[PDB]
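Asks: Got a structure for you, written out below as structure tokens; questions coming shortly.
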Amino acid sequence: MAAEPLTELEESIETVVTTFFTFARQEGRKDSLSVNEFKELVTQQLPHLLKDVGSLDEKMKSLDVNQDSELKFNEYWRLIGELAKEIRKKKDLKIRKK
Amino acid sequence: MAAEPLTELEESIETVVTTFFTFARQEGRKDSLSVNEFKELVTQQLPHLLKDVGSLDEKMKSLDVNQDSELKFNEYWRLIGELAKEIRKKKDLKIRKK
Amino acid sequence: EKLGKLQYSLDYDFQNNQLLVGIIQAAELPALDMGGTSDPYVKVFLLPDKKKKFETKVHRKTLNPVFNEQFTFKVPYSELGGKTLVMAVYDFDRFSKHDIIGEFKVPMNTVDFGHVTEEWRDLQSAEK
Amino acid sequence: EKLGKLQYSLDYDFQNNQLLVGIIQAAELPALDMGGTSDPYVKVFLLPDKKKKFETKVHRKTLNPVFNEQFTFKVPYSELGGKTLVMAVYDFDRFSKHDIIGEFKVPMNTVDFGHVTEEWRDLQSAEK
């Protein structure tokens, strides 16, 4: 029937893309994440994995390789990469935990 | 060790970790992706997303920067990062950085 | 094993005493190179005879190459009985080290040369 | 109350009429930012005087900052009798409502400006 499920990974990427697309259409250019859009994502649906709302630009300027204030699909995915790392690495120096 | 209930984004990136723990437990250690498990992973779970299921040895060598034939919980995630861009790019990669 | 299908037409030549191997094309080829477009070409291989070897044209980024290359099976048709030929397809992205995806074999000893041998031979994978 | 120890050296200037507050380093600082770390930056405050307010560089992710910032205690030596400087260390985890993890105060009326006041004052966690 209609609405048939896809492969595990295909379903997983569809979910994140859906959330990515909804936030990539807040300011403009539904494909990239602007300053407010990028911050709106973390300061709403990600206050646990990464607790930082005061130095968001610190992340943007460390992920954007072109520095145009608009995190493209590739640049935005860079956040997800480090996010998945921060769940296993965290602060492997003093305290990590989960 | 293990994680407790998280949010949408956190669980969306955790679900891929579950796949890892189930695949990386055939050869040895549930925290290291071996060679057989890697081959059975791409030639079963990622045969469509990943167009290369033959030159896996090339991928393995490019991911395992340790060259010890042990994809730890870090180098293995690089594969997920590559297949993630395989939906936007196709041959616009590889290059050579020394 | 599955490698697709290969269409070809074989004919014999008694003026030079050899078999004219004319392949039309190969379809349903598996993916090897990134992007889903490998660079496969066919390389003729023989049994201990090894009195023949030819490399075809490299067909880059295609799982359905149509060139119709010609191979000269330099060997008396009288020796076709003890002459088993095999056709292996190799891909080369010019970066990764991979092997032959598949190949097909045909015992000439069981194939008479009355006129021509045209058929849609099945292609099967053959890990080396 | 415990916040560690602060090594500092105070000297007086008679040309601009102020006290040079130069801190060397602070150790044993408590953690605030999740992961056993903190972003402790000392900011000097005063009583009703309020003729001075300087914040040091944000020492992100550290438990022992070594910068040796210079604070200009803009107040005539003649007004040191009724002037008590307080050094409060603030955190900057950049998420939670980070506050004063500790502070220290010294009555300049008791302290003489004969030469230099170099010592290792103990810090206390005087929460607000």
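Using ideal geometry, Cβ is built from the backbone for each residue, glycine included, and neighbour counts are taken over all protein chains shown. Where a number appears in this text, it was derived from the coordinates with a stated rule and is not lab data.
Asks: Net charge within 12 Å of B:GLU4 by Cβ-Cβ distance, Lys/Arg positive one each and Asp/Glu negative one each, not counting B:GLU4 itself?
Replies: Combined, the nearby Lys, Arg, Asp and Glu give -1.
Asks: For chain B, what does the relative contact order come out to in percent, with C-alpha contacts under 8 Å and a separation of six or more?
Replies: Averaging sequence separation for qualifying contacts and normalising by length gives 19 percent for chain B.
Asks: From other protein chains only, count the Cβ atoms within 10 Å of every residue's Cβ in C:95-103, then give the mean.
Replies: 3
Asks: Please go through the residue pairs B:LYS98/C:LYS128; B:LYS39/C:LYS97; A:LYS94/D:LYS5; B:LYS59/B:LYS90; B:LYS39/C:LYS50 and name each one whose alpha carbons sit more than 27 Å apart in this structure.
Replies: Going by Cα-Cα distance, B:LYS98/C:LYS128; B:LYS39/C:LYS50 fall outside the 27 Å limit.
Asks: Can I ask one more? Can you put C:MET34, B:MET1 in order of Cβ neighbours within 10 angstrom, beginning with the fewest?
Replies: The fewest-first ordering by Cβ neighbours comes to B:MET1, C:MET34.
Asks: Between D:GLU79 and A:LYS89, what is the label-point separation in nm under the 7 Å Cα-to-beta-carbon projection?
Replies: Result for the modelled spin labels: 5.1 nm.
Asks: Rg to Rh ratio, chain B, alpha-carbon atoms and Kirkwood radius?
Replies: Computed over Cα atoms, the ratio is 0.97.
Asks: Additional query: Over what distance in Å are the Cα centres of region C:37-52 and region B:81-98 separated?
Replies: The two parts, judged by their Cα centres, are 32 Å apart.
Asks: Of B:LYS85, B:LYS39, B:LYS30, which is the most mobile in a GNM of chain B whose springs link Cα atoms less than 10 angstrom apart?
Replies: Result: B:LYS85 has the largest fluctuation of those listed.
Asks: Once the Cβ-Cβ distance between C:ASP49 and A:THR15 is put in as r, and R0 is 51 Å, what FRET efficiency do you end up with, to the nearest 0.05?
Replies: Step by step, r from the Cβ atoms, then E = 0.30.
Asks: How far apart are the A:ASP57 label points across copies, placing each 7 Å from Cα toward Cβ, in nm, shortest first?
Replies: 5.2
Asks: I want to verify a result. In a Gaussian network model of chain D, Cα cutoff 10 Å, which of these has the top mean-square fluctuation: D:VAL58, D:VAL21, D:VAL42?
Replies: Its mean-square fluctuation being the largest, the pick is D:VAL58.
Asks: Please work out the Cα convex hull volume for chain D and give it in Å³ per residue.
Replies: 103
Asks: Further, regarding this structure: How far is the Cα center of region B:1-71 from the Cα center of region A:41-77, in Å?
Replies: First find each Cα centre; the distance between them is then 26 Å.
Asks: Another question, then. What is the fewest-to-most order of D:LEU123, A:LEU49 by other Cβ atoms lying within 10 Å of their Cβ?
Replies: A:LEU49, D:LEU123
Asks: Helix-only mean residue ellipticity at 222 nm, chain A, DSSP H runs n ≥ 4 weighted -39,500 (n - 2.57), per residue, nearest 500. What is it?
Replies: Only helices count here, giving -15000 deg cm²/dmol.
Asks: How high is the relative contact order of chain D, in percent, with contacts defined as C-alpha pairs under 8 Å that are six or more residues apart?
Replies: 32
Asks: Which distance in Å, rounded to a whole number, links the C-alpha centroids of region C:81-98 and region D:99-128?
Replies: With region C:81-98 and region D:99-128 each reduced to a Cα centre, they are spaced 82 Å.
Asks: Moving on. If you rank B:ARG96, A:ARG88 by fewest surrounding Cβ atoms within 10 Å, what's the result?
Replies: Taking fewest neighbouring Cβ atoms as first place, the list is B:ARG96, A:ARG88.
Asks: Considering amide H positions built from the backbone, and no H for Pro or chain starts, which residues 5 or more places from C:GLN25, or on another chain, come under 5 Å of its amide H?
Replies: Hits under the 5 Å cutoff: C:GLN7.
Asks: Here is a further query. Using the 7 Å Cα-to-Cβ label point, sort the distances from C:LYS105 to its equivalents in the other copies shortest first and give them in nm to one decimal.
Replies: So the distances to the same position in the other copies read 9.6 nm.
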